[PDB]
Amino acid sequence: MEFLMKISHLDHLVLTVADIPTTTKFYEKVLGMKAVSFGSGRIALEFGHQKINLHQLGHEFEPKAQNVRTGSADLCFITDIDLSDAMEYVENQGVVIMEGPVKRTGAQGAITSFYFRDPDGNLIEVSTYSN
């Protein structure tokens, strides 16, 4: 039984942030994610069937990235909300949209995207597969 190595999907990733409460408030209010906690005070943000784990700078958990850096992430999330509604919503939270709607390439084909930054300066791209 020869086999080929394969990865199915990304389960989660870790962001290191200056202030966990600031971050959870943001992702809940702006992206509608679900902030949860588990174990010994571990914090995460849930969306669909995936999550983002949060570490607070200075209270990181091992093992971790070699070069931990706040604001070093660049992430693209799909929404099933009409993109113009999504943009209006984000702006309505007082968030500055830096570009969009613009055509980009998603994993599965053409997408339309808009961009803004989270409280640590991570780049957030919110996108739709709707043509």
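The first residue of the sequence shown is number 1, and the count goes up from there.
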{"item": "Higher-B stretch (mean Cα B-factor, as the entry records it), 34 to 42 or 57 to 65", "value": "34 to 42"}
{"item": "Mean Cα B-factor comparison, 83 to 91 or 68 to 76, giving the higher one as deposited", "value": "83 to 91"}
{"item": "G109 - Cα temperature factor, lowest/middle/highest third of chain", "value": "highest"}
{"item": "Lowest, middle or highest third - CA B-factor, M1", "value": "highest"}
